[PDB]
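One chain comes next, on its own, written out as structure tokens in the form deposited without this ligand.
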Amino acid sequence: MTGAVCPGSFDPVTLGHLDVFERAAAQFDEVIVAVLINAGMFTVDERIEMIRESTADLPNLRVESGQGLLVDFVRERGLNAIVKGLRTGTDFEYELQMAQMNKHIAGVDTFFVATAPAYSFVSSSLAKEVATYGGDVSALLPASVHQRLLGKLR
């Protein structure tokens, strides 16, 4: 009965995120993608849909929204592990501070894994920015997500 939570705002989910989801799904019996309710581009419902569409081939993964402390989200589902992806530009020092705080207040472990090099420079924010000015980010997002992004811009 192993399991981990993969947190984020995912506005929108990128192939970097999906790579991490797939690795978590391959190494834990159960994975929950935790979508933060927090001024963004997609609604929570749209963000969940896009992740669900992109993870249809991962039977042991589900997608849920949440608010407040991540460790409460994790513990209320009977788990005590977080899997977080690393990419170029991740503020790792801040992630370490939060990992140590999260272990202290709730006994939740955080496992970090590097995203694949091909997806190591995409972020939700940079993808939106580049797409806004007509840059081609189609190789960096799930095909579904890419078309919905184009819709939001145009």
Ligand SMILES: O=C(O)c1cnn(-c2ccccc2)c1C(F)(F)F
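Position 1 is the first residue in the sequence shown; the rest follow in order. Here the rigid core means the biggest group of C-alpha atoms that line up within 1.5 Å when the two forms are laid on top of each other.
- For the pair 65-73 and 83-91, greater average C-alpha departure from the shown form in 9 other deposited structures of this protein after core alignment is found in 83-91.
- In this entry, no coordinate-free residues of the deposited sequence separate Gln100 from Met101.
- Higher average CA B factor: 45-53, of the stretches 45-53 and 24-32.
- Stretch comparison (11-19 versus 138-146) by mean CA B-factor in the PDB entry places 138-146 on top.
- When the C-alpha B-factors of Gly85, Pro117, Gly89, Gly107 are ranked from the entry, the top spot goes to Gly89.
- In this structure the maximum Cα B-factor among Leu96, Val63, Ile37, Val113 is found at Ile37.
- Sort the modelled residues of the chain by CA B factor and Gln67 lands in the highest third.
- When the modelled residues of the chain are ordered by C-alpha B-factor, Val5 sits in the lowest third.
Beyond the structure shown, there is the form deposited with this ligand bound, which is absent from this document and is the topic of what follows.
- Proximity of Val20 to this ligand in the deposited bound form: non-hydrogen atoms within 4.5 Å are present.
- Taking the partner from the other structure, this ligand in the deposited bound form has no heavy atom within 4.5 Å of any heavy atom of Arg52.
- Mapping the unseen interface onto this chain, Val108 falls outside it, with no heavy atom inside 4.5 Å of this ligand in the deposited bound form.
- Heavy atoms of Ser125 reach within 4.5 Å of this ligand in the deposited bound form, making it an interface residue.
- In the deposited bound form, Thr115, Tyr119 are the residues of 89-119 with at least one heavy atom within 4.5 Å of this ligand, listed from first to last.
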